[PDB]
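In order, the protein sequences belong to chains A, B, C and D.
Residue 392 in our numbering sits at position 188 of the first sequence, with consecutive numbering throughout.
Residue 1069 in our numbering sits at position 94 of the second sequence, with consecutive numbering throughout.
Residue 40 in our numbering sits at position 18 of the third sequence, with consecutive numbering throughout.
Residue 253 in our numbering sits at position 18 of the fourth sequence, with consecutive numbering throughout.
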Amino acid sequence: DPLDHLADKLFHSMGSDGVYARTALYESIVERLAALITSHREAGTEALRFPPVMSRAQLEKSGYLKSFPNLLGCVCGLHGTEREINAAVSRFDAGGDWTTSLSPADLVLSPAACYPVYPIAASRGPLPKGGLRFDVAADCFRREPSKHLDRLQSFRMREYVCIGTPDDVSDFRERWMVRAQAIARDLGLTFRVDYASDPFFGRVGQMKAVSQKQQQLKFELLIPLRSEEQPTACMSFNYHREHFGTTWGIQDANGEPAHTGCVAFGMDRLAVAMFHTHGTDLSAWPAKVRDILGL
Amino acid sequence: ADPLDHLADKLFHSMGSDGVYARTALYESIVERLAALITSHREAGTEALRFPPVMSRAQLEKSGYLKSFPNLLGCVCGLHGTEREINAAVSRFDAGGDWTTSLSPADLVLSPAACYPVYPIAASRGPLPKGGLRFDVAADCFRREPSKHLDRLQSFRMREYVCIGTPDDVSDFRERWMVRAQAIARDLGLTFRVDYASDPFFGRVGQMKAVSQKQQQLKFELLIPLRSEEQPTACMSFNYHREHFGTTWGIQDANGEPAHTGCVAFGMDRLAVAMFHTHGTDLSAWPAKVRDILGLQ
Amino acid sequence: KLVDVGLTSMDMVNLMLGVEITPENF
Amino acid sequence: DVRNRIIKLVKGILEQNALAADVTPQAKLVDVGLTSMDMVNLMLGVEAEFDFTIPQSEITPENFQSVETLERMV
Ligand SMILES: Nc1ncnc2c1ncn2[C@@H]1O[C@H](COP(=O)(O)O)[C@@H](O)[C@H]1O
Ligand SMILES: Nc1ncnc2c1ncn2[C@@H]1O[C@H](COP(=O)(O)O)[C@@H](O)[C@H]1O
Ligand SMILES: [Zn+2]
Ligand SMILES: [Zn+2]
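Below, the structure written as structure tokens:
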């Protein structure tokens, strides 16, 4: 795989595919990318930072299980009595399976950064004119083990989320699709923006995808990393219509169920794209890119 | 009502779960400034690694975490079955039942402490050089201890400097970090004391391990009175592990003996909460020495 | 075309259940 | 003081493991050389020898400081 050679400078093995320790070099560029993204934040945008876990009930309510049940990481633990826990530990001591004593917590690992923002927004009553905009980030988890450096199980996601009327959200997404491309250009990256779909689970799911593609609810900024034939989505631009507005009872300024949309930046994918494109020697990166990043 | 509770309005938003909060821009700005301050004290030659919020379950098991805090560990589980089995689980959910009966453990856990993954990484490099190795590590950590108090979270940030070497390398490291950490706390205008302490080992036999630990003075904590001076909050710890990780991971020091390790740990969220409790939520009203030290201007 | 009629997803789902699956033959 | 002589024996038996030293009633157990697993094994030895079970509330540094403070607990 074309990205494999980057591993030695960027990552250390943590004994699990898609889960890596990040070197100082790698983290310095993720940090500069995050700072660059922040510098493009629209005025009036509320910034929230989420932990890597969120309420299981909130995620269930958002409908994640109808779409990607196969990707979800649930938090489980030994919730029993002292005696039961001791047996589990004793089983482990004997080289057995202590994990049979696990039961689900009321938490999951967040599969995307925006999910927790919807109930937060909803708790504030009806939307002002022009809607609400949020800047959110979380370390996310998707259960998709792979050896490829652009397909991680644990990865950073940064998002700008818009909640409002259809026009508010559509205008928002159009601004960000142009703006994202300008950022990618400034970063010296090769890319194209194309129609896309989420990888919905099951037979029905793949037909949900076709319909999604047909309605142009999702665009991706695609960067050739292993090949030009199979480029990597490093950003997405998502229109959810009224799904979350209805789910969480968010009402726009006109009394109608809010529309929502988000622009998502895959921070690790962007960092890997930078190193693939420009190499691991920062002093040799192009002057304009070094400048854009404040190096 | 807890004395910290009034801080929630400015610092956090509810995420529907005790100990799990969204962080406001105000709160995060201070966590970031504290992180940068800690970085400014990093010793030369210290290798910086950043870990994700999950780590290998096998590695954590091998590190002995289950024999110590089985109750705090968060495991990752998933739906690992056939497409039919997974569809059925979702249909049970649709029909008022519990989809989670189809979960099975993954090979990952949520990391309970930032330093765990670094020992196998160190081990893979062969014998330690003279003077040992130093690491700067950080991770979002998880401990299953739900609570409504703003100083006891389930998901929280930990930053550590870690020393791996001879007993003497490690004791020297801890001694210097105990002094420096106090200087930092003092520079931040915090009221604190440093005291011998123990980890909350599980079960009756665990209580004894705690006794030995206190007796051997293997753990110090920097304690800050937040709700009261009777139950202060441990915001940093200074831990000597003796040869536990060295033996476990086969790390040999420069003299061919099983390496000792230790770490100084900063609780980033506790430090941030300590700062807001101590100085209030209006940053312009913070003492000038503190604003200066943090680069607030 | 086929999606401009007003057929959204939940509407396209029933069309799947009324009558490999690529965004071309539909 | 059958207890004292027996306590010193089990302590001396655990210390009889790649080590050797002196043992007095006012001497602190940690100073003697006992580590965590030793203290665990010593607690099990005491519980097995005197046919009793130490309450969790009694497992404290005070009671397990020295042989003196230990015998005073039993
Ligand atoms: N497994 C993954 N590894 C790394 N980055 C990812 C992964 N999945 C998604 N991302 C990034 O997160 C962004 C948002 O994800 P999505 O919600 O799937 O559109 C994507 O455009 C990618 O840049
Ligand atoms: N539940 C918690 N919530 C917030 N911070 C914590 C929590 N547990 C530990 N920490 C922080 O992490 C540091 C290291 O943890 P420990 O390994 O328990 O000494 C502590 O000194 C605290 O500052
Ligand atoms: Zn989103
Ligand atoms: Zn540590």
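Virtual Cβ for every residue (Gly too), placed ideally from N, Cα, C.
Counted within 10 angstroms of its Cβ, other Cβ atoms place residue i as buried (16 or more) or exposed
i, result
"residue 1232(B)", "exposed"
"residue 1016(B)", "exposed"
"residue 1105(B)", "exposed"
"residue 1137(B)", "buried"
"residue 1077(B)", "buried"
"residue 463(A)", "buried"
"residue 1089(B)", "buried"
"residue 209(A)", "exposed"
"residue 1122(B)", "exposed"
"residue 1170(B)", "exposed"
"residue 272(D)", "exposed"
"residue 942(B)", "With chain B covering only 976 through 1272, there is no way to say anything about residue 942(B)."
"residue 1228(B)", "buried"
"residue 1018(B)", "exposed"
"residue 431(A)", "exposed"
"residue 426(A)", "buried"
"residue 442(A)", "buried"
"residue 1272(B)", "exposed"
"residue 405(A)", "buried"
"residue 287(D)", "exposed"
Residue(s) in a DSSP beta bridge with residue i
i, result
"residue 251(A)", "339(A)"
"residue 481(A)", "Bridge partners of residue 481(A): none, in fact."
"residue 1054(B)", "1078(B)"
"residue 211(A)", "Note: residue 211(A) sits in no beta bridge, so no partner."
"residue 1214(B)", "1194(B) and 1238(B)"
"residue 1171(B)", "1195(B)"
"residue 366(A)", "337(A) and 465(A)"
"residue 261(D)", "The partner list for residue 261(D) (beta bridge, DSSP) is empty, contrary to what the question assumes."
"residue 225(A)", "216(A)"
"residue 328(A)", "Note: residue 328(A) sits in no beta bridge, so no partner."
Neighbouring residues, chain C, relative to residue i (Cβ below 7 Å)
i, result
"residue 410(A)", "43"
Proximal chain B residues relative to residue i, where beta-carbon distance stays under 9 Å
i, result
"residue 463(A)", "Those do not exist, as residue 463(A) stays about 22 Å from chain B at its closest Cβ, beyond 9 Å."
"residue 345(A)", "1027, 1028, 1029, 1051 and 1083"
"residue 270(D)", "1187, 1191 and 1217"
"residue 261(D)", "Correct list: empty, because the minimum Cβ distance to chain B is about 16 Å."
"residue 231(A)", "1023, 1024 and 1025"
Cross-chain neighbours of residue i in chain A, by beta carbon under 8 Å
i, result
"residue 988(B)", "252 and 324"
"residue 1130(B)", "255, 256 and 257"
"residue 1080(B)", "280, 303 and 306"
"residue 1068(B)", "264 and 269"
Under 7 Å from the C-beta of residue i: neighbouring residues of chain B
i, result
"residue 290(A)", "1178"
"residue 286(A)", "1178"
"residue 299(D)", "1186"
"residue 278(D)", "1183"
"residue 291(D)", "1179 and 1182"
"residue 493(A)", "The contacting residues do not exist; residue 493(A) stays about 23 Å from chain B at best."
Contact list for residue i against chain B, beta-carbon separation under 8 Å
i, result
"residue 478(A)", "Going along chain B, no residue has its Cβ under 8 Å from residue 478(A), so there is no contact; the nearest lies around 17 Å."
"residue 275(D)", "1180, 1183, 1184 and 1187"
"residue 223(A)", "1027, 1029, 1030, 1031 and 1083"
Min CB distance residue i to chain E below 8 Å
i, result
"residue 303(A)", "Within the model displayed, chain E is absent; protein chains A, B, C and D are what it includes."
Contact list for residue i against chain A, beta-carbon separation under 9 Å
i, result
"residue 27(C)", "Ordered by position in chain A, no residue passes the 9 Å Cβ test against residue 27(C), which lies about 11 Å from the chain."
"residue 999(B)", "250, 251, 252 and 253"
"residue 1048(B)", "281 and 282"
Interface partners of residue i on chain A, CB under 7 Å
i, result
"residue 1034(B)", "219"
Query - Stretch-stretch touch, CB-based, cutoff 8 Å, three pairs: the region 444-457 of chain A with the region 348-364 of chain A - result: With the rule of 3 Cβ pairs closer than 8 Å, the region 444-457 of chain A does not count as touching the region 348-364 of chain A.
Report task. Would you be able to state if there are at least three C-beta pairs under 8 Å between the region 272-286 of chain A and the region 303-320 of chain A? Result -> In this structure the region 303-320 of chain A touches the region 272-286 of chain A; the number of beta carbon pairs closer than 8 Å is three or more.
Query raised in the report: Near ligand 3, which residues have their beta-carbon closer than 7 Å to a heavy atom?
Result: These are the residues, in chain order, with a beta carbon less than 7 Å from any non-hydrogen atom of ligand 3: 316(A), 317(A), 318(A), 363(A), 365(A), 442(A), 466(A) and 468(A).
Query raised in the report: Is it true that the region 253-273 of chain D meets the region 1184-1195 of chain B, where meeting means three or more beta-carbon pairs spaced less than 8 Å apart?
Result: Yes: at least three Cβ pairs fall under 8 Å.
Report task. Would you check if the region 33-42 of chain C and the region 274-290 of chain D touch, i.e. whether three or more CB-CB distances between them fall below 8 Å? Result -> As far as the Cβ criterion goes, the region 274-290 of chain D does not touch the region 33-42 of chain C, which means the pair count is below three.
Query raised in the report: Between the region 337-350 of chain A and the region 245-256 of chain A, do at least 3 Cβ pairs fall closer than 8 Å?
Result: The count of Cβ pairs closer than 8 Å, one atom from the region 337-350 of chain A and one from the region 245-256 of chain A, reaches three, so the stretches are in contact.
**Report entry** Given 8 Å, three or more beta-carbon pairs between the region 992-1000 of chain B and the region 389-400 of chain A
**Finding:** Counting Cβ pairs under 8 Å, fewer than three are found: no touch.
Requested in this report: Would you be able to state if there are at least three C-beta pairs under 8 Å between the region 1236-1253 of chain B and the region 1151-1164 of chain B?
Outcome: With the cut-off at 8 Å, the region 1151-1164 of chain B and the region 1236-1253 of chain B touch.
Query raised in the report: On the three-pair Cβ rule with 8 Å, is the region 978-987 of chain B touching the region 1247-1260 of chain B?
Result: Yes: at least three Cβ pairs fall under 8 Å.
Query raised in the report: Does the region 1139-1148 of chain B come close enough to the region 1095-1109 of chain B that 3 or more CB-CB pairs lie under 8 Å?
Result: Contact between the region 1095-1109 of chain B and the region 1139-1148 of chain B is present, because at least three Cβ pairs lie under 8 Å.
Query raised in the report: Between the region 1204-1211 of chain B and the region 1174-1184 of chain B, do at least 3 Cβ pairs fall closer than 8 Å?
Result: The region 1204-1211 of chain B makes no contact with the region 1174-1184 of chain B: fewer than 3 CB pairs, one atom from each, lie closer than 8 Å.
Query raised in the report: Would the region 292-303 of chain A and the region 257-273 of chain A be scored as touching if the rule is three or more Cβ pairs under 8 Å?
Result: Counting C-beta pairs with one atom in each stretch, the region 292-303 of chain A and the region 257-273 of chain A have fewer than three that are closer than 8 Å, which means they do not touch.
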